[PDB]
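Student: build me a model from this:
(chains A and B)
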Amino acid sequence: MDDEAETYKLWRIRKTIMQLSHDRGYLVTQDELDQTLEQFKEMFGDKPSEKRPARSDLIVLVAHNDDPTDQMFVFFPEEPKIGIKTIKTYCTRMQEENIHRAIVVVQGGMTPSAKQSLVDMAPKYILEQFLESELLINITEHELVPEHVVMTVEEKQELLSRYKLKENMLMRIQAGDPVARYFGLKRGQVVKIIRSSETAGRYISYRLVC
DNA sequence: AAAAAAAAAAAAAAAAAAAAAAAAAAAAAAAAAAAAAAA
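Tutor: Numbers count the residues shown, from 1 in each chain, chains lettered A, B, ... in the order given. Find the structure here:
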């Protein structure tokens, strides 16, 4: 019962990770998005107890459409509580592969010293983290979550020039928001929210990531 | 007839329920530094 449930939750977490990577604009093929449970069992195995697949076997390397040298690692550590040793191992892998972006799918949580390592390591390499329970649901597919589109600096500048706005006068969204963590939004970006309206059909609002 | 002690009148004085945020204390795992055993 452990092997089948573990394979099912690993397949669901991998599907959510690949949908998250496709929503961020990274190069993801259609068969990876439409990968079934039986396809996952054929490709990676179905017995997670005897390392089929291993937790280090499910590492996901993905690249961006516009800039092919901007890539993401997705790590799947097997330890439930993550120390500084595995974080340092992943960081050394990031220097020796020259990649600035990675997401660590932790199981239980992280030590606060490792969180401080993520904080002060941040403006050279971005090292995000995600719980396993948070990645069992694609948040953007919920009926209460409208469409979120990340904007470039040109669209933000055009918005502030058109509406005569300053950046502090806009609405705000926290950096710890599940949608902002899903899209990987850093501080200063502006997210465009397109929602359905019952009086005008649809409505576009703008929020500043703080 | 002048001086002193006790009694009474006049004047100042002090004596209810709910809910959220912040502070605190025991605990508890983690991580860096110091001492000991062995090759």
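
Student: C-alpha from now on. contacts and neighbour counts both.
Tutor: Will do.

Student: give the contact list for residue A:22.
Tutor: residue A:28 (CA atoms under 8 Å, 6 or more residues apart in numbering).

Student: report the next helix or strand after the host helix or strand of it in sequence order.
Tutor: Under the criterion of DSSP states H and E, residue A:22 resides in helix A:2-23. Moving toward the C-terminus from helix A:2-23, the next helix or strand (DSSP H and E) is helix A:30-33.

Student: distance of residue A:52 relative to residue A:170?
Tutor: 50 Å (CA to CA, to the nearest Å).

Student: now residue A:142
Tutor: For residue A:142 relative to residue A:170 (CA to CA), the value is 25 Å.

Student: isn't residue A:33 right up against residue A:13?
Tutor: No. Checked against CA atoms under 8 Å, the pair residue A:33 and residue A:13 is beyond contact range at 11.9 Å.

Student: the residue of chain A found nearest DNA strand B - how many residues pack around it?
Tutor: Proximity of chain A to DNA strand B (CA to the nearest atom of the strand) peaks at residue A:83, 3.4 Å away. Residue A:83 has 16 neighbouring residues, counting by other CA atoms under 10 Å.

Student: try residue A:74
Tutor: Neighbours of residue A:74 (other CA under 10 Å): 22.

Student: ok, residue A:175 next?
Tutor: Neighbours of residue A:175 (other CA under 10 Å): 17.
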